[PDB]
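Considered here are two forms of the same protein chain, supplied as structure tokens in two stand-alone entries, structure 1 and structure 2.
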Structure 1
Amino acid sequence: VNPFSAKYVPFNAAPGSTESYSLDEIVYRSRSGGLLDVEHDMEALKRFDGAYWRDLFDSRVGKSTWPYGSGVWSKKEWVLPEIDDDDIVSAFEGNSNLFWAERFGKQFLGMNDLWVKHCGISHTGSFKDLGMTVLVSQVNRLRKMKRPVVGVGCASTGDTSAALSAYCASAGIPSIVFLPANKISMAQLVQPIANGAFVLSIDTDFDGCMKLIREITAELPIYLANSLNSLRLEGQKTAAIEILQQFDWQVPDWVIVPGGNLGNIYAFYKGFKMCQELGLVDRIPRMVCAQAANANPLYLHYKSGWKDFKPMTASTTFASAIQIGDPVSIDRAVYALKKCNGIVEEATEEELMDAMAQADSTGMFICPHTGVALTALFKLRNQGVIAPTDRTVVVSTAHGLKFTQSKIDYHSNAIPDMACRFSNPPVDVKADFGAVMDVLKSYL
């Protein structure tokens, strides 16, 4: 009855390799120690032409029918084809606004066809929801199959844990979060705490919590939620399919994604590539990966001609989730960027904050990581690589509501060594009709 299936496979598998694993297998790496990927049965999917898939996926966008209302699960056949609908844990994720940045594109970039994907408008406020619905759904299934998974554990700065904990909580799955004691107080770990996660405050840095969550997982029947998981990528790749669908199956010229551990940027390529390969569309977009100057291993690797990649030491950024020294999905990203003929650009602490301020002025509320992405767009316009007329999509990874402090400090002119050129502080005036009118007429 159900002809579609998926399995684990070594990332970029060698010719005629026989290595595969059932998705029910709890595995994170291959025989060689490399990363795993979800490989779908392309022979079975190709029994249906692009016309069928377009019509099928279109018939399901924003409908009440479970589970196809979700931006991810409307594409179930391409994500987890063999999961039962009873096991799916979904919070209506995806269907995210592809915001037309008319005033930003025209006033700053000379662009008419610039769009911003607001992935931040989600259940936990970041794109990580797309990935967590797939992972927790699969974990949910394993639990019901009486498999040894008593909960999910992770150690990541808010964004990953918030998504995980929320989805785990709704399904009654215990969620275990390891976080450094002083390094984050209680402000940014509010979501997992509120979502009934079992939170531990450890006497170490972020690195020490990452090491300890491994040790725990080695003995305890606790599933490990990491950058490694190819399941998360299966949900995240639907954002690329969604962008296509929102453009009525027309392919944009450029897509710019913030790259931390570099999984997301790869997920986007896989989504775009899958639509081309199955006959939905005839082409794929060119991709741009944007990084913070304080954490630019991919940037240094690209401009060296895809030769010599080095795990650099990352320094403090306002774009917290993007500051990664040794990116886990590095080989994935490099592969993706080569195939789609892509580009990598960096962004300084000042440049990412300024581009963020300029975006907000157009009626947005986007994260510092998005500022990084917009900086890349700024620079590629300068270099003439992105044309003023080209259909360009910038991916906003998180809502600004999760990164308010960086905005409060910027407009308060309270960041040391920062120029804060686009700050918009409140103006002081005494209760006088003439004085109030004059400052308003000057703004008029």
Structure 2
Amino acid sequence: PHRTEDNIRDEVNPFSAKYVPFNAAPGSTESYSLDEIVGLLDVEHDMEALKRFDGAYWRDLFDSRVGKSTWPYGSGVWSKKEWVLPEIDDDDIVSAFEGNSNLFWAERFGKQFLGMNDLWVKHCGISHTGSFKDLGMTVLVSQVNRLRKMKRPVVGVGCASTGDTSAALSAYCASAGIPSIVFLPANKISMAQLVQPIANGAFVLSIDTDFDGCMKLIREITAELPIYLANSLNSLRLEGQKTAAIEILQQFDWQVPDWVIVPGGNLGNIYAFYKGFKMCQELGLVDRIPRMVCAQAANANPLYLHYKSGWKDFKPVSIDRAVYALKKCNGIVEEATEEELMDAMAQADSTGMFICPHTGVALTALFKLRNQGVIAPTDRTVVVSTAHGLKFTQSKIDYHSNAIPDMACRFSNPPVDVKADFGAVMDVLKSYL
């Protein structure tokens, strides 16, 4: 007769968190009940309250929740609730038990292509929406669900993008029965790109105008209707995303890896991991944080240049957080060309994986840093995969059919045509074998 929510409702909160200006002096502070958006905001937890419990207490508390199907600890994010949204009521949490993603030992690729024996991939993309964003959306949508119930007018959530952010947002909104709206220029509508929000019941508007005319319409609409924008409560999603780092540690029985390579499409990622590794060390779960590499596609943004110039010319798509993080962990930034990224992807896939392009960027960077002697053959290294390879089948098909203009596709493995003659078949097989 009872659901898991009842089961746990059967059992003062010392923990809390608040918005704070990202990296400031004694500054100000906002509440999560508010919709502040700005200087970027950062979520700050009461470290004083948390330090009242030692490292062993936190390691054990979290480990005791591993493998459970209870509410809401069955989630890799909520199993660390005290460090994410300490004050939310379990009744408001919107979760699909995201997290607890596969931590894969890349034995063959590590050894055959990098002379490594301890290379791993954190498959954040192996989840229900096929994206790392689910970790952040469970937090954002839960908070929105909380505010909604406190009768703080919130008729729905809005979004103006067509990628993974939108897919994860609409999936969680649908889960809580919260209206989800997607605002897009008609010429940007692609059934393929919108398959998830669409399947998830989102209200997708094909507006006859351009991006600018669209942003203008959104601003006007949200100005008169209680509709929060996806990338508005951006700071909140990092609280969910940072648990992936805590998870890596937990999965290694609380041993800190030497290197963690994070593909930086969204530069908030690297900061989220840093935030997660950092909270673990500050609270004594572990004694150190790993050095991190921000792997970027060539010419994606000025981050790589600044890194090469020792950060000297850096002045606070917003690389502030990434710079801060990399500085704090003696980090590094490396690039990968379109062709390196794709060839690395084909090489990884040839060893049995089925990765996303970003992971190709991460592995290219790993290759380079290996040659440069920065990363040792025996360094325990973790590459973060943020999206399921299945989302990039067209790209793989193009590469393997040598259909990518201005690229050799040197590792393509197209089907081999052969006549239905025992002799002919035996000959091609003989060569292959």
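All residue numbers here follow the sequence of structure 1, with the first residue given the number 1. Think of the rigid core as the biggest set of C-alphas that the two forms share within 1.5 Å after superposition.
Among the candidates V190, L142, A171, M210, displacement between structures 1 and 2 reaches 2 angstroms at the C-alpha for one position only, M210 (superposition on the rigid core).
The two forms, fitted on the rigid core, differ between structures 1 and 2 by 2 Å or more at the CA of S20. With the core held fixed, the Cα of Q276 is displaced between structures 1 and 2 by less than 2 Å. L220 is among the residues whose C-alpha shifts by 2 Å or more between structures 1 and 2 once the rigid core is aligned.
Aligning the rigid core leaves the CA of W66 displaced by 0.6 Å between structures 1 and 2. Core superposition places the C-alpha of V439 1.9 Å apart between structures 1 and 2.
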